[PDB]
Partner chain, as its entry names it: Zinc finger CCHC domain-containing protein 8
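What follows is a single chain, given as structure tokens, in the form deposited without its partner chain.
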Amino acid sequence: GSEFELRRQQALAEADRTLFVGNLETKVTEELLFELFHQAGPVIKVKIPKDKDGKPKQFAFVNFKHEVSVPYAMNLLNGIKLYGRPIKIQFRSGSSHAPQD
């Protein structure tokens, strides 16, 4: 018994060119992200969401250089921060019945 209240599909993504980041801090910003992912390799752009209260809902996105055989940040960071809440990187890598080549 690991989790009781969670969706029974293999992983989180909603994207094929964009990296999902969750567990984000309450005072987080694109600047805190661009600097954490500076270590994780080529970053193309960042994304911060903002609720009716102006909050990133504890999640974000980052655009990255087709890094599909595991995103390096899932290994580099995954459990680190500066305000209180450790960054959690999430991904899937598949929207195809089979590879091309």
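Residue numbers count along the first chain shown, from 1.
Missing here is the form solved in complex with its partner chain; even so, the following discussion is about that form.
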Could you tell me if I44 has a non-hydrogen atom within 4.5 Å of its partner chain in the deposited bound form? no
So in the deposited bound form, does any heavy atom of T26 sit within 4.5 Å of its partner chain? no
Contact flag, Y72 vs its partner chain in the deposited bound form, heavy atom cut 4.5 Å: yes
Can you check whether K50 is within 4.5 Å of its partner chain in the deposited bound form, heavy atom basis? no
Going by its partner chain in the deposited bound form, which residues of 31 to 57 come within 4.5 Å of it through any heavy atom? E31, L32, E35, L36, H38, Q39, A40, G41, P42
